Amino acid sequence: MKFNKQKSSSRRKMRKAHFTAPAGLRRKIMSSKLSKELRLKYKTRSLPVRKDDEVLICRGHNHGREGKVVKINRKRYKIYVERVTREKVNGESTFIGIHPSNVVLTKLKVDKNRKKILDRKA
Amino acid sequence: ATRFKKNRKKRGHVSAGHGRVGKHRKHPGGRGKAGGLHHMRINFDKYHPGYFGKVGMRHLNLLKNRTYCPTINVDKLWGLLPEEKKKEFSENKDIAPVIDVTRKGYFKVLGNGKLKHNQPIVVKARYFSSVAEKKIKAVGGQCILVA
Amino acid sequence: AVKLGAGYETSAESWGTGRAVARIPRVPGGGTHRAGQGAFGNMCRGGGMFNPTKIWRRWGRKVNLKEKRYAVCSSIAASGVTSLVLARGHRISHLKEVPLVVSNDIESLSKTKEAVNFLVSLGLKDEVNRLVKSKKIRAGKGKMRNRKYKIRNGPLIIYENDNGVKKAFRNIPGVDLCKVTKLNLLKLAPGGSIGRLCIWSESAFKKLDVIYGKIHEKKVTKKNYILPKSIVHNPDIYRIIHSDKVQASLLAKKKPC
RNA sequence: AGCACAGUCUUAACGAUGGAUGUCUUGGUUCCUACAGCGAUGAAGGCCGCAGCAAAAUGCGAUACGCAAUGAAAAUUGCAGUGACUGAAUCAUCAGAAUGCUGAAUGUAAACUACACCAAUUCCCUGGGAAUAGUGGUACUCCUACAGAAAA
RNA sequence: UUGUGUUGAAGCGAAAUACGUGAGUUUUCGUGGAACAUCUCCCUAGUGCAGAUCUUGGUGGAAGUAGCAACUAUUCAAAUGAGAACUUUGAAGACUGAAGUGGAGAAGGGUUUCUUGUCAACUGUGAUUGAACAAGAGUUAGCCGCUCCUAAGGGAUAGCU
RNA sequence: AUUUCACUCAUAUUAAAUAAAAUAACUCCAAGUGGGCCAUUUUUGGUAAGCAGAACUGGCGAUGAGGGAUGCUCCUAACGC
RNA sequence: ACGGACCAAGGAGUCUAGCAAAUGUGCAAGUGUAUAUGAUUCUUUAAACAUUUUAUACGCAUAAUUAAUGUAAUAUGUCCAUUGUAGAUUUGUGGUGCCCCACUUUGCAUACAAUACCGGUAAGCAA
RNA sequence: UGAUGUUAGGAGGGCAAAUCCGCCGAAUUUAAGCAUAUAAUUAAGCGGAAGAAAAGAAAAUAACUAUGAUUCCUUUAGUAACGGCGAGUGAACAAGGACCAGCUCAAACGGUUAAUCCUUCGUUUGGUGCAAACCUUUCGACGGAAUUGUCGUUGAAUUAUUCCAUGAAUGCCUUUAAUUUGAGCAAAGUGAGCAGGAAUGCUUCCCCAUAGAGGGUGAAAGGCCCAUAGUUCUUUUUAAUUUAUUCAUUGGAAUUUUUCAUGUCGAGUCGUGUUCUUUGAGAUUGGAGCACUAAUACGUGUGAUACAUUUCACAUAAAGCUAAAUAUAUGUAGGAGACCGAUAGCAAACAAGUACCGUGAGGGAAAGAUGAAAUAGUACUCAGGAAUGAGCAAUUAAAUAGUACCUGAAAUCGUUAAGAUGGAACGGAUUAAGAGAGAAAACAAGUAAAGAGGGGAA
Ligand SMILES: [Mg+2]
Ligand SMILES: [Mg+2]
Ligand SMILES: [Mg+2]
Ligand SMILES: [Mg+2]
Ligand SMILES: [Mg+2]
Ligand SMILES: [Mg+2]
Ligand SMILES: [Mg+2]
Ligand SMILES: [Mg+2]
Ligand SMILES: [Mg+2]
Ligand SMILES: [Mg+2]
Ligand SMILES: [Mg+2]
Ligand SMILES: [Mg+2]
Ligand SMILES: [Mg+2]
Ligand SMILES: [Mg+2]
Ligand SMILES: [Mg+2]
Ligand SMILES: [Mg+2]
Ligand SMILES: [Mg+2]
Ligand SMILES: [Mg+2]
Ligand SMILES: [Mg+2]
Ligand SMILES: [Mg+2]
Ligand SMILES: [Mg+2]
Ligand SMILES: [Mg+2]
Ligand SMILES: [Mg+2]
Ligand SMILES: [Mg+2]
Ligand SMILES: [Mg+2]
Ligand SMILES: [Mg+2]
Ligand SMILES: [Mg+2]
Ligand SMILES: [Mg+2]
Ligand SMILES: [Mg+2]
Ligand SMILES: [Mg+2]
Ligand SMILES: [Mg+2]
Ligand SMILES: [Mg+2]
Ligand SMILES: [Mg+2]
Ligand SMILES: [Mg+2]
Ligand SMILES: [Mg+2]
Ligand SMILES: [Mg+2]
Ligand SMILES: [Mg+2]
Ligand SMILES: [Mg+2]
Ligand SMILES: [Mg+2]
Ligand SMILES: [Mg+2]
Ligand SMILES: [Mg+2]
Ligand SMILES: [Mg+2]
Ligand SMILES: [Mg+2]
Ligand SMILES: [Mg+2]
Ligand SMILES: [Mg+2]
Ligand SMILES: [Mg+2]
Ligand SMILES: [Mg+2]
Ligand SMILES: [Mg+2]
Ligand SMILES: [Mg+2]
Ligand SMILES: [Mg+2]
Ligand SMILES: [Mg+2]
Ligand SMILES: [Mg+2]
Ligand SMILES: [Mg+2]
Ligand SMILES: [Mg+2]
Ligand SMILES: [Mg+2]
Ligand SMILES: [Mg+2]
Ligand SMILES: [Mg+2]
Ligand SMILES: [Mg+2]
Ligand SMILES: [Mg+2]
Ligand SMILES: [Mg+2]
Ligand SMILES: [Mg+2]
Ligand SMILES: [Mg+2]
Ligand SMILES: [Mg+2]
């Protein structure tokens, strides 16, 4: 690392650890940034992205569009938004994969689990 | 460094410097000190004359600590003193130094050189040679034996 | 070093003369297209390396203590000549003096922003600029061996005791630190070049006479060390050539052919 | 509508065949540091099985790509299916339970799913009921104790 | 130390009113799609190929050439099919000649067996055929055998080395 | 024999001639080589030989250019553009 | 006379020990901080820095010679530094152009010899 | 006394080896041949253990003013010695360091009483657990072992000072510093403009740093995500610091003052002769087989040349145990490099000790890359029995990136054009005729007029 010699800074090792991470670690890696308004109401800076949140697309060809998150794909490292779509060569409709770090989430969907986390973070 | 090695100069030539007719074969005259006394005789005789044969008596379990004996000549005997201390013994004529060479690692006092005329000195040691002892007696000194 | 037997783990042997093939050893057997190929020999695919590398190659050197001390001393002296520091690539055109001593308040700064402000006020703005712009991604296979970047060397801050300088001046690209009683030629002459830019604290500057024996002190002065002398008294040759005494001995200029 | 002989060789331009060159790397190699055996309470190795649709490699053992418990914690997905709306879908940890036939292999054997002797054996309710040809033991050498017989 | 690059790197193909005695260096156009130098001075090495009946891989002329010859022998008409000298049906002419390309077993093989489908490669000419490829099936014992007995022999126990 | 001291023997033309005579003298550390052949002249064995064995020089090997039609050794002559 | 049908990639004086010569560097009758230990050394750092709060670790050198017991380098008249021939540099006069000559002064390095002394061996004398 | 016993309770057997312990035992090679020698007290073979093993508390050095169990590092030293005295081989003591540690049995002594040990069945205390389970702790009984020898003392007494262990109830457990495990938190732009399919690029306006390690994200990111510096909590154990008060036995020990007693000390062993090995070991260094076979502390052994008569020094053989400093081509985990980059690096970057070969012991490969995204992998039409081709039609930034998919060299072959061509072809020198390409020297500063721009001063 920087000063403690007990963990690595090898490209090989922790580039192998990113692509074979277990499914319980993949949700911490898949985290987004909180808006300015949500950063006063909550003392956290960033949260892992969940399903029924609302996000603003900030980077890419679809920058500036908003909408709701309809699916999370932990194997491919991607999320899906409700009206951002594509046509295949057949003519069937699909969803364009978005990377969660390209996004900032503007409205949350709280529950029993979330509260006991935001409370600790504040 | 491989950068400055002689072999890099012969890299385009065929024989690498060892000749067309007499090649670089492997051990064409023997191994090590093989042929001496037969066909290496001249090299042995003109560079190492007394090599063959044996002479003298055997000593079966030597123990070199019994005969260790470093020496010092009477040349270097006034030089053991510092210059300022060497100086005052010249003016004053009533006092002489007493030197213990065994405190400096020397064992036997040996007698090459010249002492200063009429400048007495007293020396302690384990062994003396005859000439050294005479030269110390001549300038007005004394030799003392220790153990 | 390579593995100890890499290339020689097989029971191969040569077919001999006849059979209209070369005389290298060959793999035995059948049923796979490895059978019948040349096995070991530096010219054979899969064979052995010529002179396989070994761990008892002499990796290091031992250097005379007096020469190390000589080099360190002659390296500090080069730090005090303005033209040499300029010729090593340091942007010090606006500096006032090249030995460049600073008060002892430097020793107890605590924040990186303050250290950058100190560097800028001293006149070293275009020296802190050269270091930021200089970070690049290296060319070659060193990327695949944990050698991603390559940066240029900056000033070298020297102190006597640390009350924050260590933490304050880290994290600035290219800046390095060192203590007066443990000075390293590898830092004072990076790559073998001479003329490193140094910044001395006042106590660091005063310890330098006690270390080298002008003032004696127990367990600080180097024991029985004498500071090297020069075979020349004044290296200004052309001031000698132009003296009245010398010029009165010269002889009339002569003509070419 | 018409005109260039054919073959062979040379040069250019565009292609075919082939996989060199450059760039890439969840692999190798060496050194430094730390810990260290397993087995009759059946090891290492071998064989046979287990998924809704299932060959290999990977994981498991008649509870068989996984049970219970503890920490996280919404989905897993090729179809079909199962999931709170947090002992449940999935990931991690792993202390309880369970762990086929073999193998030192140890009742006799072995290119046999061959053949013995001894005790019938297991389960449910609190003395009654029920089930099953199913279960366990039996190598050799040795030590301590014991048992009687036999010899002196 | 001090530089190039999505306003296009390395590499590769063809070149130049270019420089050098020479090994080479430099530049234009095309392709290409992501990295590349340092000549300011130093350090370092698994550092320079025409050959070794050299190693591994790819490719020629010979060349549409040598050749596709044992086992007496084939013909007419129809069905199928995109397509029939070598698939099927009928009619002819013939062979094996019971010491048989007829029946039944052992060693060895292991699904080659049966029904259906079916042609990318194989079936050294064709092929709709097939022991090829795909889906599903098929082996029933008190009386046939093993299992039991002993043989030439093998392994063991006591003891001994 | 040696040691001193006194005297005196050409030199600018150099104790006879000529000299791109100091391109000299010496020490150190090492490579390759140690199968040769040919020509004029002298010369041994052999009937002889493009045979075998020696001597003094010069060559070929290690070397091309002009000539001998042709030719490793003959004649002229040895090599930056 | 032998190897070579063609093309691409690969392909052969190196590493360690021990000795010497040459050359560069440091110090110099000395030189080299071994194994260790210390430190307000600890991403790098397996590097770098230090040396035990009239000063006996060890190697090579400072002394040779003899099988060996062993013995061991002018000699006290003067801190002086053996003798001669040629010879670099210096000192004083004159000749032709700071240079070269003729004398005068000093006498490095080195070459050739002489002499004295140390260890071994002969010879002579020997308590 | 032996056999017997499916009597009760237990042990051994097999795997693995890099480092460790014991046995057995070559030749290649070198000597320029070769037989002693060397290779080597090595390779192969057979047995036995641990986190280390083995060694180890003097029958040792020395010859000094003396040191003081074993192991290992620096040196002694390529030295003393061995050798067809050839090629070759080769230790020990002293010196400087790492670490540091000592003990038991046998033999003396104990008989108004074997004091000793074990099995099985009982009981009696306090702490830790949710549970499972565990720790601590006295006192009985029956039976057996043992005088063919267990246990206590370490010559035995006497005299004074001092030290150690054991029992009760009323209290006392705070504070702090270091080693360890697992968690939580963790600053600062996703602002203009250009060009792009897409910024992490360029220009420009802000900032954080005790954090400018590394990875990810449609192109190079300190301010987009994980983490990084730092800090809080937590588990392990170990050092200081904080209180013990009163009373009550019984047995041990060290030294000192005097009294009397000189006891014991490892046998078919040590040693000698002889034969073979091994060592630097030499009229024999250690080991082994055979024959002979001791002494009793004044004895026995060592003091590197074989004897006899003696002096001196050192030590106390023939029974046993024991940490640390040392090693580690094995297994498992962690970290790193002036190392290799798919004919390289392990044989194996991939369903690799795999496919395949041999009756068997064994032998043993080849084979990585579309694109940012297939949650974009090729829809529709026409021709054809089909493969396949074509398009007015279609994904992408790109299909001459179409899955035999990055780039795509040479050998070899196809197409078009231009030339040459009486039994090889290509070359060196020197020019000519065609064809392709070219302006950086291969002419023109400046002057006047008008039009568009870009700078520097006052
Ligand atoms: Mg040459
Ligand atoms: Mg040759
Ligand atoms: Mg042939
Ligand atoms: Mg290899
Ligand atoms: Mg490169
Ligand atoms: Mg024609
Ligand atoms: Mg619960
Ligand atoms: Mg749970
Ligand atoms: Mg079992
Ligand atoms: Mg059995
Ligand atoms: Mg049978
Ligand atoms: Mg390059
Ligand atoms: Mg090479
Ligand atoms: Mg090559
Ligand atoms: Mg080639
Ligand atoms: Mg062929
Ligand atoms: Mg034909
Ligand atoms: Mg046929
Ligand atoms: Mg017939
Ligand atoms: Mg017939
Ligand atoms: Mg017949
Ligand atoms: Mg059939
Ligand atoms: Mg069929
Ligand atoms: Mg066919
Ligand atoms: Mg089949
Ligand atoms: Mg049946
Ligand atoms: Mg029957
Ligand atoms: Mg029989
Ligand atoms: Mg020869
Ligand atoms: Mg000639
Ligand atoms: Mg003629
Ligand atoms: Mg030949
Ligand atoms: Mg040939
Ligand atoms: Mg030298
Ligand atoms: Mg020596
Ligand atoms: Mg004498
Ligand atoms: Mg007398
Ligand atoms: Mg057994
Ligand atoms: Mg065993
Ligand atoms: Mg030989
Ligand atoms: Mg030989
Ligand atoms: Mg031989
Ligand atoms: Mg072995
Ligand atoms: Mg074990
Ligand atoms: Mg032990
Ligand atoms: Mg022991
Ligand atoms: Mg030693
Ligand atoms: Mg011997
Ligand atoms: Mg030996
Ligand atoms: Mg010692
Ligand atoms: Mg007793
Ligand atoms: Mg683009
Ligand atoms: Mg791009
Ligand atoms: Mg990054
Ligand atoms: Mg960071
Ligand atoms: Mg005894
Ligand atoms: Mg021997
Ligand atoms: Mg001795
Ligand atoms: Mg003992
Ligand atoms: Mg690595
Ligand atoms: Mg490979
Ligand atoms: Mg690409
Ligand atoms: Mg003709």
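FYI, it's all coordinate maths here, none of it is from the lab. Cβ placement follows ideal geometry from the backbone for every residue including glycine, while neighbour counts extend to all protein chains displayed.
Of the GluC sites (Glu not before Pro) found in the stretch C:1-98, those in coil by DSSP whose Cβ has at most 15 other Cβ atoms within 10 Å are C:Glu9, C:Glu97.
Exposure proxy ranking for C:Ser110, C:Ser230, based on other Cβ atoms within 10 angstrom of each Cβ and starting from the fewest, stands as C:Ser230, C:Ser110. In this structure the amide hydrogen of B:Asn73, modeled in the peptide plane, comes within under 5 Å of the amide hydrogens of B:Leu110, none closer than 5 places in sequence on its chain. Once C-alpha pairs closer than 8 Å and six or more residues apart are averaged by separation and normalised to the residue number of the stretch C:1-129, the relative contact order reads 15 percent.
Give me the tail of P(r) for the stretch B:45-120 as a percent: Cα-Cα pairs with distance above 18 Å.
Details: 1785 of 2850 pairs.
Here the tail beyond 18 Å accounts for 63 percent of pairs.
Residues considered: A:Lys75, A:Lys33, A:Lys13. Largest GNM mean-square fluctuation over chain A, using C-alpha springs under 10 Å, is found at A:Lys13.
Which parts of the stretch A:23-40 would a label at A:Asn113 reach, counting a residue when its backbone N lies under 16 Å from a point 7 Å out along Cα-to-Cβ? From the stretch A:23-40, the list is A:23-32. Toward the positive end of the charge dipole of the protein assembly as shown, with +1 on the Cβ of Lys and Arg and -1 on the Cβ of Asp and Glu, the farthest Cα among B:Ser130, A:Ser10, C:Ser201 is that of A:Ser10. Pick out which of B:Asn112, B:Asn73, B:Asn43 has the largest mean-square fluctuation in a Gaussian network model of chain B, springs linking Cα atoms closer than 10 Å. Result for chain B, Cα springs under 10 Å: B:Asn43 fluctuates most. Taken over the Cα atoms of chain A, the convex hull encloses 165 Å³ per residue. Cα centroids of the stretch C:25-54 and the stretch A:49-122: 57 Å apart. Computed from Cα positions, the angle between helix C:112-121 and the longest principal axis of chain C comes to roughly 50 degrees. Spin-label model, C:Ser243/A:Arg15: points 7 Å from Cα along the beta carbon direction are separated by 6.8 nm. Convex hull volume per residue, computed on the Cα atoms of the stretch B:49-91, equals 173 Å³. Counting only Cβ charges, +1 for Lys and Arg and -1 for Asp and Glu, the dipole size of the protein assembly as shown around its Cα centre is about 3160 debye. Of the chymotrypsin sites (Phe, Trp or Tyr not before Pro) in the stretch B:54-141, the ones in a loop by DSSP (not H, G, I, E or B) with at most 14 other beta carbons within 10 Å are B:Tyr68, B:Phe107. Only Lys, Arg, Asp and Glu carry charge here, each on its Cβ (+1 for the first two, -1 for the last two); on that basis the stretch B:1-87 has a dipole of about 980 debye about its Cα centre.
Global size of chain C: 30.8, 99 Å for Rg and Dmax (C-alpha atoms, Rg to one decimal, Dmax whole).
Looking at chain B, which longest stretch skips every one of the trypsin sites (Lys or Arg not before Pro) that is in a DSSP loop with at most 12 other Cβ atoms within 10 Å, leaving the sites themselves out?
Working: sites that count: B:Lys5, B:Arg11, B:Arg20, B:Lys23, B:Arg25, B:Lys26, B:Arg31, B:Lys33, B:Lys54, B:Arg58, B:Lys93, B:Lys104, B:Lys114, B:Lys116.
Answer from the scan: B:59-92.
Summary of the geometry: the stretch B:101-121 and the stretch B:48-99, compared by the centres of their Cα atoms, lie 9 Å apart.
Cβ-to-Cβ counts within 10 Å put C:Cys178, C:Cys257 in ascending order as C:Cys257, C:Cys178, the fewest first.
For chymotrypsin sites (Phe, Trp or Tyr not before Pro), the sites in the stretch B:1-55 that DSSP calls loop and that have at most 11 other Cβ atoms within 10 Å are B:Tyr51, B:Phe52. Once the C-beta distance of C:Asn163 and A:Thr44 is scaled by a Förster radius of 56 Å, the resulting FRET efficiency is 0.95 to the nearest 0.05. Semi-axes of the equivalent ellipsoid for the stretch B:1-134, computed as √(5λ) from the eigenvalues of its C-alpha gyration tensor and ordered from largest down, come to 60, 27, 14 Å.
Ranking C:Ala12, C:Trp56, C:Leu84 by how far each Cα lies toward the positive end of the dipole of the stretch C:1-95 (charges on Cβ) leaves C:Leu84 at the top. Sorted ascending by nearby beta carbons within 10 Å, beginning with the fewest, C:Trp15, C:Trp56 become C:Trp56, C:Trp15. What is the distance in Å between the Cα centroid of the stretch A:6-37 and that of the stretch C:59-83? Each part's Cα centre sits 47 Å from the other's.
In terms of its C-alpha gyration tensor, the stretch C:117-234 has a prolate overall shape, because the principal axis ratio a/c (a ≥ b ≥ c, square roots of the eigenvalues) is not below 1.5 and a/b outweighs b/c. Of the residues C:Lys54, C:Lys133, C:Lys222, the one that moves most in a GNM of chain C with alpha-carbon contacts below 10 Å is C:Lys54. Gain on full extension, evaluated as 0.36 nm per residue between B:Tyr47 and B:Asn61 minus their Cα-Cα distance, stands at 1.8 nm. An ellipsoid equivalent to the protein assembly as shown, defined through the eigenvalues of its Cα gyration tensor, has semi-axes of 73, 49, 30 Å when rounded to whole angstrom and sorted largest first.
Simple spin-label estimate for C:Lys125 and C:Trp59 gives 4.8 nm between the two label positions (7 Å along the Cα-to-Cβ direction from each Cα). Sequentially through the stretch A:32-45, phi angles give Karplus couplings (6.51, -1.76, 1.60; θ = phi - 60°) of 10, 9, 8, 5, 5, 5, 6, 8, 8, 4, 10, 7, 7, 9 Hz, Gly and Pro residues having no value and appearing as x.
Using a simple charge model, +1 on the beta-carbon of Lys and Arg, -1 on the beta-carbon of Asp and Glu, nothing else, what dipole does the stretch A:58-122 show about its Cα centre, in debye to the nearest 20? Don't skip to the answer; put the middle values down first.
Working: 19 positive and 6 negative charges, 92 e Å.
In debye, rounded to 20, the stretch A:58-122 gives about 440.
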